[PDB]
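One structure is given below, represented as structure tokens, and several questions about it will come after.
Chain naming follows the written order as A, B, C, D and E, and within any one chain the residues start at number 1.
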Amino acid sequence: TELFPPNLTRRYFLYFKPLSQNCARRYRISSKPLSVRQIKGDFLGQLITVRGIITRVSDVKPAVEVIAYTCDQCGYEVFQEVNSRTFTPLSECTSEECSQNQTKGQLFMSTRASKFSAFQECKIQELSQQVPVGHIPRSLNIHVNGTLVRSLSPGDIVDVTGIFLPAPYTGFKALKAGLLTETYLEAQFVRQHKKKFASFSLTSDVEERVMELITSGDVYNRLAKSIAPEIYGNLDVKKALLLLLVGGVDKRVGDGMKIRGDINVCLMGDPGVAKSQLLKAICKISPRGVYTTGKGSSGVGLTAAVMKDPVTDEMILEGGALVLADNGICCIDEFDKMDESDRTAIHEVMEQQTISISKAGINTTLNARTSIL
Amino acid sequence: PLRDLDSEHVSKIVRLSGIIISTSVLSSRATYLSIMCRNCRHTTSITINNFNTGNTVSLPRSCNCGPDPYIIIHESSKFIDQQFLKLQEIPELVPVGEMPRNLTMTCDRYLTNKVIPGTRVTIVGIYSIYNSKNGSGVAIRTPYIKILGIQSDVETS
Amino acid sequence: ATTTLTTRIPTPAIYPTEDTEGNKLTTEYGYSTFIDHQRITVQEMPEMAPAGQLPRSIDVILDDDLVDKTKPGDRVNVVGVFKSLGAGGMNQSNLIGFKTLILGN
Amino acid sequence: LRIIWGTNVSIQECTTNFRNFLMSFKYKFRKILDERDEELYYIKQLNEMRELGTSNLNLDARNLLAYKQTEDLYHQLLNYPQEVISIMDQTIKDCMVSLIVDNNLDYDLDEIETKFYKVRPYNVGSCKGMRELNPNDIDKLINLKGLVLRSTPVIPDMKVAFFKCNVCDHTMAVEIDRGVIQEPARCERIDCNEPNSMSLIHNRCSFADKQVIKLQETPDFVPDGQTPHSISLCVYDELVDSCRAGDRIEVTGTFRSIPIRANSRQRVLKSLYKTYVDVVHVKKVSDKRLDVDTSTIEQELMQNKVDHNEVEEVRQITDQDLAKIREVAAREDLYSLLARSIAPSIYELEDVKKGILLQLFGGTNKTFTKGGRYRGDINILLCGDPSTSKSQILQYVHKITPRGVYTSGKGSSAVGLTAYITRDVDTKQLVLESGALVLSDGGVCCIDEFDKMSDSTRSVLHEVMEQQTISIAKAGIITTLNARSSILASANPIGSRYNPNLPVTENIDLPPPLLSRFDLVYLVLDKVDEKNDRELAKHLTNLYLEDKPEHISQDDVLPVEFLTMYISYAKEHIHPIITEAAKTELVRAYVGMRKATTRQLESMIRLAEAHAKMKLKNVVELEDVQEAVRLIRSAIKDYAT
Amino acid sequence: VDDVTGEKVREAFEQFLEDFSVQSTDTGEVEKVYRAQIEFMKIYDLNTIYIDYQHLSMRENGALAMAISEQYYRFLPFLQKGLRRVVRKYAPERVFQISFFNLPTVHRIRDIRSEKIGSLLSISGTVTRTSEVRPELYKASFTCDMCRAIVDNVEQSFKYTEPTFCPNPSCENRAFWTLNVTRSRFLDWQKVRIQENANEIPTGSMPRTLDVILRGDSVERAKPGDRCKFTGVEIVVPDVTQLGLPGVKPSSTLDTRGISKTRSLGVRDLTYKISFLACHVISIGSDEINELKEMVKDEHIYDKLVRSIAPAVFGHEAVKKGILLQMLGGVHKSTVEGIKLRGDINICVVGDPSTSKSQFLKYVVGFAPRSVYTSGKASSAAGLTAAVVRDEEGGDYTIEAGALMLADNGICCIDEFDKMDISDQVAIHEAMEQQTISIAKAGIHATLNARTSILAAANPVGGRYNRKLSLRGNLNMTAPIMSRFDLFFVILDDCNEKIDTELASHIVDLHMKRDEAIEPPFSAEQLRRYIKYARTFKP
């Protein structure tokens, strides 16, 4: 007999996660969260942990792993494993019934019998405080397969655990010294230091972490003082910053109207009563928190760019701060040193959850859903 | 003047003047190379004296060991510097209706780096002809000058 | 071309996807060994330069060690061998001469 | 038992199960589906179709989900549509013929023997657009809600190929099989053989129409992080020129994947596949938003007949609805009933709401058979204090109007209001995209922060505001193109808040002529008092009494789904003639302003005729001018200053 | 089948060309002219005969025409010989072109459908470019590289390289040949670009364009920038750039069955565009002299023209005179030196907004055949002046009919003139300091002809006309471009109740359906043709 292989009957995708330091020191290595600079090349093959900013992602799309082909005159299927970025169609029928036959009849691909996988990829840029003196946050390319695929979203900090591997690329022929390789990380498991609010279910360890916080009482004043306790007093400001996070309630009228369930605040004052420290403190405590500045890029930096996407032949909108943040806090500083082109973007976003553009290739209406502090 | 260059007297010596625009890079050409057959383990040597596209010399087609059998033994070979110059007709005297024309110009050994872009010069040279991988006419060639010596106004600016 | 100073006879060996006997193979990535390649391009120091002229620059290849100890804009001294490798023009077909570079030691 | 490979489908078992449903369905969803007379619910619609020639069977898929015996099928056509719809093509023909043979009938037989019947299944479940469409969803039914940004030219695609033989006077034809033309090398030997000499002749072949359309996709929810996607989708024959730029749409089809050739040199294919929708149905209209101007789209209403497709363009209404409409029109307070029900969450402001209602009706549109044209519109501006309806009104208009781009501030400039030329990266050619106003050739274009738009940008609207056209001379294009949009604007005064101690003409910080070329200007100043703002506060907080405002039925107001059915009737079906007797009260109202320019006069006729579209009056009467002029004067509080 | 049927149609069509011969005698019964037209065509060898399709439809109860027009490109080889053998026997270096015109319908090119490929079709639109008239290979000699044997019988539309037989069968490879450039026929060939009619574009769609190609004596009968009508063949042409589009692309392959033991598999992609091939062109859109003479003999016609050069505008005789006069020239070559002069007249219309000054530009562009209209903000110099297409499609470069190269010999309606930039107004003034226009890019230098009048509508700095300022200060356009205007017309408005009631009446009285409120003394039916009699008068 000749049979379907077990990898083509494989119901499921298999992944690994490492062992945390606790299990390394308990019973006395395996996963230092390495810097993208620290990787020193010759780790190729290893399972490694790296942490940094996921600056940019592609959209998920199918990429084929096996092509299934149909031959009528045989009835046997032909399966071609696809391994590199490219393939050539195995049009000449390889079947065991046509090999010892005069006629070598044709075959046609089946676009559902072809085993795919969900493919996505991202850059991680170096985590800035780990960059040496004078050096630059260089970047690494990560490839994803299967069920993990949406766990990476831009503008967030993650541990990636996965297997670090070569890819066949070298430059452009002359700019070469033989048998060079590109390299990528095949992602296996993800954890992220500021978590997604959308996952929040209650299990044997998280309820008691809430309950032990409550039972001391005065929780509202306990948390206000626990915000930015490294700066003096002024609790009324820091007490309101806790409300900015919890934000109130989004209301939909059930009749085609929406009103902002969100808090927008200004911290007007003179020098010396610290501001950016409170802005920075709330950027850390806010998942999806973002920090901004008065001048320079902020026109595009508060707006959708448009970009020819490196990995695949399509344009994409790239989100500035008000779009790299959403459902979360955007922090603005030196505020009045912004300009009319910045304000007339901001002024719409406090009033309502959306931005609108109508220049060049961009005509969209875009969801902000940000709190401006 | 370049305006009076003609297909008349191709490959005679020519005397002409202009401004050097640019001076490119000191590319490296052979003058002795030692060569071994990668299958015959057999050695020769080749020399070139003066010619430094469709001309000069190439490695011998074969010494069976088939085509292109030869490895250049770089560590027992001698090389020379040559340079590409461009000269254009002085913008003080050119047609009102159009841009100046120019000539590709080349020089070898000690004649390199003698001249700085923007100096005023007279060249004595061989007005010569080469084929350009254009992309020009149905069948054509491109003119160039091999400098065989050079002189100038005593120092420009 | 970059592992010996002498022009060793080239050995364009083929990556083995099948055994001498004909069997399949798989790759033991990380029992295999690797090394860092880098090239850095050095142009003349601008205060010694006879100013007004264009910059002129040459390509330096670094093996595994020194890769970490250069960055753009710093003043750097290199030592090495100014090899003139390949065979442009005289082999293959057609001009521009040999690829010249320094092996940084 | 028979079964298709890779598949859970039995042909005959589905065949009889579909017939069993097709000969017995009667609105069981109303009984069963949730907590929500007729009979033979489809047989009337089938015996309807056979005399009309409309070969399409538009199918509400959720008929099957509720019904007792075809839950076994809903999850098949959803998951095997290419094969399950290929069954329906056959069963419906046999199920037409059962209605022949049970009938004493004329010769329907002589064509329906040969003709072909098809299904367009659309009423399926919601999805998060492109993003949730993981590869497990490949080759399944899907739907998308969104809008169109551009559509390609019609593409010729082979369906019968033709072969011409360089000798011996016999040709050949071959039908395409699944993307190949297996060209015979042999010269059809039995005539004679020559090994390789045969031609392929282009202009003898038979072609499909194909068209490609670019969809801006807008889900009912999008995850935090997302940005708009330009999906690319394809539409076949009988849907070409169904839908086009600016339409707001629900579309359904099969999600697909396809490779791309890396280059024009060699057959190496990218392994990271491209994806698209093969459209099977498009729902051109909805109950919630009104109907595209029937006068404008007159060119395509006949093209749908000439092209033989009944993919609908205009809302159908029954006599039981029109009878209600007319019985509603008789009441004395319709003039305020709509002006309340237009925005049940917006308090007072009924001068504003009412003139906006009279914008939506448009009024009258007219032409001189070659030389001239005039249109019913009013172009609107809102001015005065912050903290008022202004921004919310621009949404409710946007969400009722079938067309319009909510432009905003300095974020909107000439190259993107009118058209622009851009590289289509998916093919790498220059192509022309409709700008914001061009997409808005109809309905409303809704503009906000109108005075914070630049001195350079405003100069486009300065033509469009009454001339309703834009004219272009830049590289690649020289044309004047239609810009039938009504325009509505939000503005704020010089400085902030309001300042009655300065004349409004200065206070607005908008130049006197452009301010005049608006047809109606609203002054919406706050002028605070008790016994108004208290009543407002109670109204607002009742929205937080019940965490969704289902009790908003209080303070009786029309269902929106009826209001849109009214307006899209009155708009479509009445052409109100300004009677010669109406002049005498009209001219004095203009001259009384003159003691200001013709734009007021040219506005009053376009506003008063809308007040005759409302109440459905074929002719204007001397009264309806009286409310229109008072509205103009009171919209700017002309009595005060 | 039609290897049979085609001869039956040839016998049918040649019979239509035989059983009809010229009657109309004494304006009585009618019978088609074609033999008399052939007996005219005898003199000139032009071989460019025109057939009215409406005269064809009545024979055979239309069952000939409804067949031929659908099956056209498969019967066209038989109709052309269906002419030849009639010509060979009523009449004794030969090529033919044949047209059918006056088809019963016009199909807007948005409703081009592939169901019509190879059929006859009627098209109209705007021609956006023309191109260099070129030879098309047609019949050509092909010579073997192996022996002096030649073939002249041709395969020519595509596949134009490889005849299948050599007049001695033996060759060391028989299939392949070289052409000859000397012994060949050739025909003049042209491409023109046609654009959708702006009166009939869809809502929000862009003005669709398509490529349409010309052969023979129909060449050089298209003219840029104007309405044209066509009839001809719904051709299809191979297109490569459709790679990367969704859906399967049909790929052909040579079969593998019944040949054994002898892109090497033999495969091709056949993806096509839909151009058009047109056989007929016209520039769409007696008792006349008895009217032209009749008007000039009358004393008032000037004053009738002043109150009829823009019938709907109320008052403003000043601008009406100006525009009427602007449609009429002055002798440009009025010099001895051999440099010409600005014989044409330029006008600017000015005043506070809500003047009807903009209406004139719509009336003119509705009326003056060599006129075009621009918003003047939405513009660029490279759209007013002609652009160039950079040597693309394997031909040489081509010049793009800029809006101000167009409107030669007439008026350009530059509405909202002042919102132009410094760049394009200087481009204008360099095209007024000289009648000529010059262009440079890519080293290709062209000087275009131009000779034009501008009608400019302009607005004061604040819209309101400052009575107390000079026009230089009020209008804010630099003195050189404020020069070269023969007149400025200025309008100032205020309440004048005796007029305002007559104006208000005129506006509202206009809104009664197509009513006579704007009835002139006389209409365009003579006014345009009288203006042409006035132009060629040269006083």
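In this section, a contact is a pair of C-beta atoms (placed from the backbone, for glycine too) under 8 Å apart; a residue touches a chain by one contact, two chains touch by 3 or more.
Under the touch definition stated at the top, chain C and chain E share these contacting partners: A.
Looking at chain B and chain C, not one chain touches each of them. Ranked by how close its mean Cα position lies to the mean of all protein Cα atoms, the top chain is D.
A count of contacting C-beta pairs for A-E and for A-D identifies A-D as the more extensively joined pair.
Averaging Cα atoms per chain gives one point for each, and the point farthest from that of chain D is the centre of B.
Separating the centre of chain A from that of chain C, both taken as means of CA atoms, is a distance of 36 Å.
Between the Cα centres of chain B and chain D there is a gap of 69 Å. The mean-CA centres of chain C and chain D are about 61 angstrom from one another, to the nearest whole unit. Shown for chain E are the residues in touch with two or more other chains, namely 244, 253, 267.
Under the contact rule stated at the top, the pairs of chains that touch are A-C, A-D, A-E, B-C, D-E.
Those residues of chain C whose C-beta lies close enough to touch chain B in the complex are 5-7, 9-10, 53-54, 56, 83-85, 87, 89-92, 94-98, 100. Those residues of chain A that touch chain D in the shared complex are 59-64, 82, 84-89, 106, 108, 111-113, 116-119, 149, 153-155, 198, 249, 251-258, 288, 303-304, 308, 311-319, 323, 326-328, 340-341, 344-345, 347-348, 351-352, 355-367, 369. Note for the complex: chain E touches chain D at residues 3, 73-74, 110-115, 117-118, 126, 128, 158-159, 164, 195, 198, 200-208, 210, 233, 235-236, 240-255, 258-259, 263, 267, 270, 272-274, 312, 352-354, 358, 362-363, 366, 372-375, 377-380, 382-384, 387, 400-403, 406, 415-416, 419, 462-464, 493, 495, 497, 500-501, 503-505, 507-509, 511-514.
Those residues of chain C lying in contact with chain A across their complex are 1-2, 28-37, 39, 61, 71, 99.
Looking at the complex, you find that chain D touches chain E at residues 150-158, 161, 166-167, 169, 176, 178-186, 189, 194-197, 199-200, 202-205, 207-210, 212, 232-234, 240-241, 244-246, 256, 258, 260-261, 264, 267, 274, 276, 278, 292, 296-297, 299-300, 303, 306, 366, 368-372, 374, 403, 414, 418-419, 426-429, 432-434, 438-442, 456, 459-460, 462-463, 467, 470-482, 484, 511-514, 516-517, 578, 580, 583, 586-587, 590-591, 594-595, 597-599, 601-602, 605.
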